[PDB]
Amino acid sequence: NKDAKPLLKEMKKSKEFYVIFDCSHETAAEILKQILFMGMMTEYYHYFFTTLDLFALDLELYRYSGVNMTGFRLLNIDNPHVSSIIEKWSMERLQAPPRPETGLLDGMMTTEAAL
Amino acid sequence: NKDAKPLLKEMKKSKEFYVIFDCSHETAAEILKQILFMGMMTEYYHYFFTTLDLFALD
């Protein structure tokens, strides 16, 4: 659980910009925080996560202004039933005691809970 | 100054790298964080603060 700053330093020195991050939710959160901290926010990179939860985790579209992030999403939306269920999840989460924000948002479905 | 993203986004679009920030100590506080927000932090840029204080700010 350390920083992979050298690996990306050679990766950028190798005239290569297109890297795939196979990782878990914890590791995904920590790597995203590290890459944002270092300054990897330009339009000369393209990143992808194999983790299926990227809508119930702390992702903000306004931090992204130069970098392109694309991903997979197991869940299906635009279903009124799935909607009503997601408001039920949010309303049952909000009154509950707050949970730490360590790279995980509450009020939205996660994969294991849904399955 | 909290929403200075437009001016700087055309300044980066016009490909200028060397800028002098005429600014007050109040303004430095938010500019040092917008420079993080917009997503341009490459070494090609060159920056200068007119204020005499750099040991009171992070």
# chains A, B, ... in the order shown; residues from 1 in each chain; ligands from 1
>>> interface_residues(of="chain B", to="chain A", cutoff="7 Å", atoms="only C-alpha atoms", output="PyMOL selection string")
chain B and resi 37-41
>>> write_last_selection(atoms="C-alpha atoms", output="PDB file, in the first residue's frame")
ATOM      1  CA  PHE B  37      -8.531  22.351  -9.872  1.00  0.00           C
ATOM      2  CA  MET B  38      -8.360  23.177 -13.571  1.00  0.00           C
ATOM      3  CA  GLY B  39      -5.947  20.309 -14.243  1.00  0.00           C
ATOM      4  CA  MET B  40      -2.924  22.159 -15.646  1.00  0.00           C
ATOM      5  CA  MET B  41       0.092  21.600 -13.369  1.00  0.00           C
TER       6      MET B  41
END
>>> select_by_dssp(residues="stretch 15-46 of chain B", states="helix (DSSP H, G or I)", output="count of residues only")
13
>>> residues_around(residues="residue B:29", least_positions_apart="4", cutoff="12 Å", atoms="only C-alpha atoms", output="ChimeraX atom specification")
/B:1-2,23-25,33-36,49,51,53-54,56-58
>>> write_last_selection(atoms="N, CA and C atoms", output="PDB file, in the first residue's frame")
ATOM      1  N   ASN B   1     -12.889  35.883  -8.284  1.00  0.00           N
ATOM      2  CA  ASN B   1     -11.701  35.066  -8.474  1.00  0.00           C
ATOM      3  C   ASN B   1     -11.907  33.596  -8.140  1.00  0.00           C
ATOM      4  N   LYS B   2     -13.011  33.235  -7.482  1.00  0.00           N
ATOM      5  CA  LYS B   2     -13.259  31.828  -7.189  1.00  0.00           C
ATOM      6  C   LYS B   2     -13.597  31.040  -8.449  1.00  0.00           C
ATOM      7  N   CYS B  23      -1.134  39.977  -7.543  1.00  0.00           N
ATOM      8  CA  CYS B  23      -2.175  39.482  -6.658  1.00  0.00           C
ATOM      9  C   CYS B  23      -1.909  39.939  -5.232  1.00  0.00           C
ATOM     10  N   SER B  24      -2.977  39.967  -4.444  1.00  0.00           N
ATOM     11  CA  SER B  24      -2.910  40.244  -3.018  1.00  0.00           C
ATOM     12  C   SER B  24      -2.829  38.935  -2.244  1.00  0.00           C
ATOM     13  N   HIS B  25      -2.486  39.041  -0.957  1.00  0.00           N
ATOM     14  CA  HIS B  25      -2.419  37.851  -0.115  1.00  0.00           C
ATOM     15  C   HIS B  25      -3.764  37.136  -0.049  1.00  0.00           C
ATOM     16  N   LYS B  33      -5.266  27.124  -5.178  1.00  0.00           N
ATOM     17  CA  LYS B  33      -6.103  25.937  -5.287  1.00  0.00           C
ATOM     18  C   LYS B  33      -6.806  25.806  -6.634  1.00  0.00           C
ATOM     19  N   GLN B  34      -7.207  26.910  -7.278  1.00  0.00           N
ATOM     20  CA  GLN B  34      -7.670  26.775  -8.660  1.00  0.00           C
ATOM     21  C   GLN B  34      -6.592  26.191  -9.558  1.00  0.00           C
ATOM     22  N   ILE B  35      -5.324  26.554  -9.334  1.00  0.00           N
ATOM     23  CA  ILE B  35      -4.259  25.991 -10.160  1.00  0.00           C
ATOM     24  C   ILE B  35      -4.248  24.473 -10.040  1.00  0.00           C
ATOM     25  N   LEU B  36      -4.680  23.943  -8.895  1.00  0.00           N
ATOM     26  CA  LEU B  36      -4.877  22.503  -8.780  1.00  0.00           C
ATOM     27  C   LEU B  36      -6.155  22.056  -9.486  1.00  0.00           C
ATOM     28  N   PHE B  49       4.543  35.032  -7.708  1.00  0.00           N
ATOM     29  CA  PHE B  49       3.663  35.753  -6.799  1.00  0.00           C
ATOM     30  C   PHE B  49       4.284  37.096  -6.436  1.00  0.00           C
ATOM     31  N   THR B  51       3.183  38.959  -3.881  1.00  0.00           N
ATOM     32  CA  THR B  51       3.186  39.100  -2.432  1.00  0.00           C
ATOM     33  C   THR B  51       4.533  38.684  -1.856  1.00  0.00           C
ATOM     34  N   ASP B  53       4.875  37.065   0.944  1.00  0.00           N
ATOM     35  CA  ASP B  53       4.609  36.013   1.912  1.00  0.00           C
ATOM     36  C   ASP B  53       4.455  34.676   1.202  1.00  0.00           C
ATOM     37  N   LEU B  54       5.325  33.729   1.547  1.00  0.00           N
ATOM     38  CA  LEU B  54       5.219  32.376   1.015  1.00  0.00           C
ATOM     39  C   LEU B  54       5.461  31.347   2.112  1.00  0.00           C
ATOM     40  N   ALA B  56       3.685  31.672   5.051  1.00  0.00           N
ATOM     41  CA  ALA B  56       2.398  31.578   5.720  1.00  0.00           C
ATOM     42  C   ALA B  56       1.378  30.773   4.932  1.00  0.00           C
ATOM     43  N   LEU B  57       1.670  30.444   3.679  1.00  0.00           N
ATOM     44  CA  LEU B  57       0.759  29.709   2.820  1.00  0.00           C
ATOM     45  C   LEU B  57       1.362  28.354   2.466  1.00  0.00           C
ATOM     46  N   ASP B  58       0.477  27.377   2.280  1.00  0.00           N
ATOM     47  CA  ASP B  58       0.894  25.986   2.157  1.00  0.00           C
ATOM     48  C   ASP B  58       1.759  25.759   0.924  1.00  0.00           C
TER      49      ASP B  58
END
>>> residues_around(residues="residue A:1", least_positions_apart="5", cutoff="10 Å", atoms="only C-alpha atoms", output="list in words")
residues 26, 27, 30 and 31 of chain A
>>> atom_distance(atom1="atom CA of residue A:53", atom2="atom CA of residue A:111")
6.6 Å
>>> residues_around(residues="residue A:109", least_positions_apart="4", cutoff="9 Å", atoms="only C-alpha atoms", output="number ranges by chain")
A: 53, 55-56, 75, 86, 89-90, 113-114
>>> atom_distance(atom1="atom CA of residue A:44", atom2="atom CA of residue B:30")
25.9 Å
>>> select_by_dssp(residues="chain B", states="strand (DSSP E or B)", output="number ranges by chain")
B: 18, 21, 46, 49
>>> write_last_selection(atoms="N, CA, C and O atoms", output="CSV table (one decimal), in the first residue's frame")
chain,number,residue,atom,x,y,z
B,18,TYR,N,4.3,31.5,-19.5
B,18,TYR,CA,5.0,32.4,-18.6
B,18,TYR,C,4.1,33.5,-18.2
B,18,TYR,O,3.7,34.3,-19.1
B,21,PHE,N,1.6,36.8,-11.7
B,21,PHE,CA,0.4,36.9,-11.0
B,21,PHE,C,0.5,38.2,-10.1
B,21,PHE,O,1.1,38.1,-9.1
B,46,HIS,N,5.4,28.6,-15.8
B,46,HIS,CA,6.3,29.4,-14.9
B,46,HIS,C,5.5,30.4,-14.2
B,46,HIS,O,4.7,31.2,-14.8
B,49,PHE,N,4.5,35.0,-7.7
B,49,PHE,CA,3.7,35.8,-6.8
B,49,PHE,C,4.3,37.1,-6.4
B,49,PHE,O,5.5,37.2,-6.1
>>> residues_around(residues="residue B:44", least_positions_apart="5", cutoff="12 Å", atoms="only C-alpha atoms", output="VMD selection string")
chain B and resid 12 15 to 19
>>> residues_around(residues="residue A:70", least_positions_apart="2", cutoff="12 Å", atoms="only C-alpha atoms", output="list in words")
residues 18, 19, 20, 21, 45, 46, 47, 48, 49, 50, 51, 52, 54, 55, 59, 61, 64, 67, 68, 72 and 73 of chain A
>>> atom_distance(atom1="atom CA of residue A:7", atom2="atom CA of residue A:34")
12.8 Å
